[PDB]
Amino acid sequence: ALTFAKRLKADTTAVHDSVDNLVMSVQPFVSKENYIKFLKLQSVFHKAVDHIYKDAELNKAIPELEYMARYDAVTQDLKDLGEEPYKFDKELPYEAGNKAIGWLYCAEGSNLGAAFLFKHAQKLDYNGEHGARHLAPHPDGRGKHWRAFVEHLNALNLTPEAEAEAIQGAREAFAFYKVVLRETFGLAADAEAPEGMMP
Ligand code: HEM
């Protein structure tokens, strides 16, 4: 692939689809109880990247980055559902450097692709003002926002060597998402969606 952002996508599409499949297999919308499990999982992931969204160096390369964070929104969704802020039971990742750029790609891309989840949350009467605030589209549009973000990512002009570390970071962010999902939904370590399932 000819660009950093495209290489990130290429190298992480298989694991991304494993995440999509696993999230859907545990039935996040089957009940309020399961949706709360989903919100807990989302809380941990978005907390884990909070310090990256606020990173001073990255905010100088990517204007207004700190404001793209969704942790506050997920935490308000929890409140809406009658829950207090959720705290992970285990130590949370606090990644840095090139690898942290990969975590940032993973988190920011998750908003890009949150339309399907937002659609299904709406069936439960949860919308951008109550219960599904964290899934609502960027006010400028999901795509407009992502393409801009994508420009800034490519413009970091990471050397190929630093790109490798960033891509490894993205692999690790996806893997952590599934570790959290499993602990949260009561699955075994390394549990996956039924084999052969397609997003
Ligand atoms: C069942 C849940 C999920 C579904 C159905 C889903 C679906 C999608 C879709 C359709 C896109 C393409 C959107 C577009 O191009 O307009 C996308 C992109 C992406 N998603 Fe997901 N996703 C889910 C969960 C996640 C999660 C939990 C993460 C991160 C932890 C994530 C990370 C990403 C990233 C980083 C991209 C950008 C790919 C790119 O580089 O173009 N997704 N997703």
# chains A, B, ... in the order shown; residues from 1 in each chain; ligands from 1
$ select_by_dssp --residues "range 8-195 of chain A" --states "helix (DSSP H, G or I)" --output "count of residues only"
126
$ residues_around --residues "range 20-37 of chain A" --least-positions-apart "6" --cutoff "9 Å" --atoms "only C-alpha atoms" --output "MDAnalysis selection string"
chainID A and resid 78 81 83 120:121 123:124 178 181 184:185 191:194 197:199
$ closest_residue --among "A:71, A:174, A:146, A:53" --to "ligand 1" --atoms "only C-alpha atoms and all ligand atoms"
A:174
$ residues_near_ligand --ligand "ligand 1" --cutoff "6 Å" --atoms "only C-alpha atoms and all ligand atoms" --output "number ranges by chain"
A: 9, 20, 23-24, 105-107, 109-110, 112-113, 116, 174, 177
$ closest_residue --among "A:162, A:153, A:41, A:167" --to "residue 10 in chain A" --atoms "only C-alpha atoms"
A:167
$ atom_distance --atom1 "CA of residue 154 in chain A" --atom2 "CA of residue 42 in chain A"
26.6 Å
$ residues_around --residues "range 62-68 of chain A" --least-positions-apart "4" --cutoff "7 Å" --atoms "only C-alpha atoms" --output "list in words"
residues 53, 54, 58 and 152 of chain A
$ write_last_selection --atoms "C-alpha atoms" --output "CSV table (one decimal), in the first residue's frame"
chain,number,residue,atom,x,y,z
A,53,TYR,CA,-5.7,12.2,22.8
A,54,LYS,CA,-4.3,14.7,25.2
A,58,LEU,CA,0.5,14.9,19.1
A,152,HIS,CA,-2.7,14.5,9.7
$ closest_atom_pairs --of "range 22-57 of chain A" --to "range 99-103 of chain A" --cutoff "12 Å" --atoms "only C-alpha atoms" --output "Markdown table"
| residue | atom | partner | partner_atom | distance |
| --- | --- | --- | --- | --- |
| A:45 | CA | A:103 | CA | 9.9 |
| A:46 | CA | A:103 | CA | 10.2 |
| A:47 | CA | A:103 | CA | 11.8 |
| A:48 | CA | A:103 | CA | 9.0 |
| A:49 | CA | A:103 | CA | 6.9 |
| A:50 | CA | A:103 | CA | 10.4 |
| A:51 | CA | A:100 | CA | 9.7 |
| A:52 | CA | A:100 | CA | 6.7 |
| A:53 | CA | A:100 | CA | 9.8 |
| A:54 | CA | A:100 | CA | 11.8 |
| A:55 | CA | A:100 | CA | 9.9 |
| A:57 | CA | A:101 | CA | 11.3 |
$ write_last_selection --atoms "N, CA, C and O atoms" --output "mmCIF file, in the first residue's frame"
data_model
loop_
_atom_site.group_PDB
_atom_site.id
_atom_site.type_symbol
_atom_site.label_atom_id
_atom_site.label_comp_id
_atom_site.auth_asym_id
_atom_site.auth_seq_id
_atom_site.Cartn_x
_atom_site.Cartn_y
_atom_site.Cartn_z
ATOM 1 N N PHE A 45 -11.719 0.779 27.025
ATOM 2 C CA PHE A 45 -10.926 1.087 25.840
ATOM 3 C C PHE A 45 -10.686 2.593 25.690
ATOM 4 O O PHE A 45 -9.563 3.050 25.397
ATOM 5 N N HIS A 46 -11.744 3.373 25.812
ATOM 6 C CA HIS A 46 -11.593 4.824 25.626
ATOM 7 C C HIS A 46 -10.803 5.457 26.775
ATOM 8 O O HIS A 46 -10.067 6.411 26.564
ATOM 9 N N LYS A 47 -10.888 4.929 27.978
ATOM 10 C CA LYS A 47 -9.991 5.419 29.028
ATOM 11 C C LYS A 47 -8.521 5.173 28.672
ATOM 12 O O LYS A 47 -7.654 6.033 28.879
ATOM 13 N N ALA A 48 -8.216 4.000 28.162
ATOM 14 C CA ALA A 48 -6.880 3.577 27.815
ATOM 15 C C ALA A 48 -6.210 4.468 26.772
ATOM 16 O O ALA A 48 -4.980 4.416 26.641
ATOM 17 N N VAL A 49 -7.004 5.175 25.976
ATOM 18 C CA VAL A 49 -6.411 6.038 24.975
ATOM 19 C C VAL A 49 -6.507 7.500 25.313
ATOM 20 O O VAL A 49 -6.027 8.345 24.555
ATOM 21 N N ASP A 50 -7.062 7.821 26.471
ATOM 22 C CA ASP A 50 -7.320 9.187 26.887
ATOM 23 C C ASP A 50 -6.080 10.069 26.917
ATOM 24 O O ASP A 50 -6.138 11.187 26.471
ATOM 25 N N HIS A 51 -4.998 9.510 27.436
ATOM 26 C CA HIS A 51 -3.731 10.254 27.557
ATOM 27 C C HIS A 51 -3.081 10.467 26.175
ATOM 28 O O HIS A 51 -2.219 11.371 25.997
ATOM 29 N N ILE A 52 -3.436 9.639 25.193
ATOM 30 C CA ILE A 52 -2.901 9.801 23.848
ATOM 31 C C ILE A 52 -3.628 10.957 23.152
ATOM 32 O O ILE A 52 -3.003 11.756 22.466
ATOM 33 N N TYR A 53 -4.936 11.063 23.345
ATOM 34 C CA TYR A 53 -5.721 12.161 22.759
ATOM 35 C C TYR A 53 -5.275 13.498 23.311
ATOM 36 O O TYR A 53 -5.342 14.509 22.615
ATOM 37 N N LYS A 54 -4.743 13.456 24.533
ATOM 38 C CA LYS A 54 -4.324 14.683 25.211
ATOM 39 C C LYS A 54 -2.828 14.905 25.120
ATOM 40 O O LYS A 54 -2.276 15.847 25.752
ATOM 41 N N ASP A 55 -2.130 14.043 24.415
ATOM 42 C CA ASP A 55 -0.664 14.136 24.335
ATOM 43 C C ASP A 55 -0.190 15.489 23.794
ATOM 44 O O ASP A 55 -0.660 15.972 22.784
ATOM 45 N N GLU A 57 2.686 16.528 22.415
ATOM 46 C CA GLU A 57 3.330 16.408 21.100
ATOM 47 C C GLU A 57 2.337 16.121 19.964
ATOM 48 O O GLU A 57 2.346 16.780 18.920
#
$ atom_distance --atom1 "CA of residue 72 in chain A" --atom2 "CA of residue 130 in chain A"
13.1 Å
$ atom_distance --atom1 "CA of residue 117 in chain A" --atom2 "CA of residue 172 in chain A"
22.5 Å
$ closest_residue --among "A:77, A:195, A:161, A:95" --to "residue 136 in chain A" --atoms "only C-alpha atoms"
A:77
$ closest_residue --among "A:176, A:149, A:126, A:4" --to "residue 80 in chain A" --atoms "only C-alpha atoms"
A:126
$ closest_residue --among "A:40, A:70, A:87, A:79" --to "residue 134 in chain A" --atoms "only C-alpha atoms"
A:70
$ decode --residues "range 85-118 of chain A" --atoms "N, CA and C atoms" --output "JSON list (two decimals), in the first residue's frame"
[["chain", "number", "residue", "atom", "x", "y", "z"],
["A", 85, "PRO", "N", -19.44, 5.48, 36.75],
["A", 85, "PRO", "CA", -18.26, 5.23, 35.93],
["A", 85, "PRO", "C", -17.62, 3.85, 36.19],
["A", 86, "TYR", "N", -17.26, 3.18, 35.11],
["A", 86, "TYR", "CA", -16.71, 1.88, 35.24],
["A", 86, "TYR", "C", -15.19, 1.97, 35.30],
["A", 87, "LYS", "N", -14.60, 1.17, 36.17],
["A", 87, "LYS", "CA", -13.15, 1.09, 36.28],
["A", 87, "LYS", "C", -12.67, -0.33, 36.03],
["A", 88, "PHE", "N", -11.75, -0.49, 35.08],
["A", 88, "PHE", "CA", -11.17, -1.79, 34.81],
["A", 88, "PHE", "C", -10.56, -2.36, 36.08],
["A", 89, "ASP", "N", -10.67, -3.67, 36.19],
["A", 89, "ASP", "CA", -10.17, -4.45, 37.32],
["A", 89, "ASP", "C", -8.67, -4.61, 37.25],
["A", 90, "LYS", "N", -8.13, -4.62, 36.03],
["A", 90, "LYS", "CA", -6.70, -4.80, 35.84],
["A", 90, "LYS", "C", -6.04, -3.49, 35.43],
["A", 91, "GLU", "N", -4.71, -3.48, 35.45],
["A", 91, "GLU", "CA", -3.96, -2.32, 35.06],
["A", 91, "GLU", "C", -4.21, -2.02, 33.61],
["A", 92, "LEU", "N", -4.37, -0.75, 33.31],
["A", 92, "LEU", "CA", -4.65, -0.35, 31.95],
["A", 92, "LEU", "C", -3.37, 0.00, 31.20],
["A", 93, "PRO", "N", -3.33, -0.33, 29.92],
["A", 93, "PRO", "CA", -2.23, 0.07, 29.03],
["A", 93, "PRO", "C", -2.11, 1.57, 29.01],
["A", 94, "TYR", "N", -0.89, 2.08, 28.88],
["A", 94, "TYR", "CA", -0.65, 3.51, 28.84],
["A", 94, "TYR", "C", 0.49, 3.63, 27.86],
["A", 95, "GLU", "N", 0.14, 3.51, 26.58],
["A", 95, "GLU", "CA", 1.14, 3.39, 25.55],
["A", 95, "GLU", "C", 1.73, 4.76, 25.19],
["A", 96, "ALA", "N", 2.93, 4.72, 24.61],
["A", 96, "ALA", "CA", 3.65, 5.93, 24.26],
["A", 96, "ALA", "C", 4.35, 5.79, 22.92],
["A", 97, "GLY", "N", 4.85, 6.93, 22.42],
["A", 97, "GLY", "CA", 5.67, 6.94, 21.22],
["A", 97, "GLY", "C", 4.97, 6.47, 19.96],
["A", 98, "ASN", "N", 5.72, 5.79, 19.10],
["A", 98, "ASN", "CA", 5.18, 5.36, 17.83],
["A", 98, "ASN", "C", 4.03, 4.38, 18.01],
["A", 99, "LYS", "N", 4.17, 3.47, 18.96],
["A", 99, "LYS", "CA", 3.12, 2.46, 19.22],
["A", 99, "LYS", "C", 1.84, 3.19, 19.61],
["A", 100, "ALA", "N", 1.93, 4.32, 20.34],
["A", 100, "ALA", "CA", 0.72, 5.06, 20.73],
["A", 100, "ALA", "C", -0.02, 5.61, 19.53],
["A", 101, "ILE", "N", 0.70, 5.90, 18.45],
["A", 101, "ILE", "CA", 0.05, 6.36, 17.21],
["A", 101, "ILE", "C", -0.89, 5.28, 16.65],
["A", 102, "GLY", "N", -0.46, 4.03, 16.73],
["A", 102, "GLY", "CA", -1.32, 2.89, 16.40],
["A", 102, "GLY", "C", -2.59, 2.77, 17.24],
["A", 103, "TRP", "N", -2.50, 2.99, 18.54],
["A", 103, "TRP", "CA", -3.69, 3.03, 19.40],
["A", 103, "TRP", "C", -4.61, 4.15, 19.00],
["A", 104, "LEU", "N", -4.03, 5.31, 18.69],
["A", 104, "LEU", "CA", -4.83, 6.39, 18.23],
["A", 104, "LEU", "C", -5.61, 6.10, 16.91],
["A", 105, "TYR", "N", -4.92, 5.51, 15.95],
["A", 105, "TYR", "CA", -5.55, 5.04, 14.70],
["A", 105, "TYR", "C", -6.74, 4.10, 15.03],
["A", 106, "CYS", "N", -6.54, 3.15, 15.92],
["A", 106, "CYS", "CA", -7.58, 2.15, 16.27],
["A", 106, "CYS", "C", -8.76, 2.86, 16.89],
["A", 107, "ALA", "N", -8.52, 3.72, 17.89],
["A", 107, "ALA", "CA", -9.64, 4.40, 18.48],
["A", 107, "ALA", "C", -10.37, 5.35, 17.55],
["A", 108, "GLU", "N", -9.61, 6.08, 16.73],
["A", 108, "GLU", "CA", -10.26, 7.06, 15.90],
["A", 108, "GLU", "C", -11.02, 6.37, 14.75],
["A", 109, "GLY", "N", -10.44, 5.32, 14.20],
["A", 109, "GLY", "CA", -11.16, 4.55, 13.21],
["A", 109, "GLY", "C", -12.43, 3.90, 13.73],
["A", 110, "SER", "N", -12.51, 3.59, 15.01],
["A", 110, "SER", "CA", -13.70, 3.00, 15.57],
["A", 110, "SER", "C", -14.91, 3.93, 15.49],
["A", 111, "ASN", "N", -14.67, 5.23, 15.45],
["A", 111, "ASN", "CA", -15.75, 6.20, 15.36],
["A", 111, "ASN", "C", -16.19, 6.23, 13.91],
["A", 112, "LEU", "N", -15.22, 6.17, 13.00],
["A", 112, "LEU", "CA", -15.49, 6.08, 11.57],
["A", 112, "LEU", "C", -16.55, 5.02, 11.36],
["A", 113, "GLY", "N", -16.28, 3.84, 11.87],
["A", 113, "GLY", "CA", -17.15, 2.71, 11.64],
["A", 113, "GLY", "C", -18.27, 2.44, 12.61],
["A", 114, "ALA", "N", -18.59, 3.38, 13.50],
["A", 114, "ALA", "CA", -19.63, 3.21, 14.51],
["A", 114, "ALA", "C", -21.06, 3.43, 14.03],
["A", 115, "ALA", "N", -21.26, 3.72, 12.76],
["A", 115, "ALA", "CA", -22.63, 3.88, 12.26],
["A", 115, "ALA", "C", -23.52, 2.64, 12.44],
["A", 116, "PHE", "N", -22.97, 1.46, 12.19],
["A", 116, "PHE", "CA", -23.79, 0.24, 12.32],
["A", 116, "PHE", "C", -24.20, 0.10, 13.75],
["A", 117, "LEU", "N", -23.27, 0.28, 14.68],
["A", 117, "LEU", "CA", -23.59, 0.15, 16.08],
["A", 117, "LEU", "C", -24.61, 1.21, 16.50],
["A", 118, "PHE", "N", -24.43, 2.44, 15.99],
["A", 118, "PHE", "CA", -25.37, 3.52, 16.31],
["A", 118, "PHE", "C", -26.76, 3.14, 15.82]]
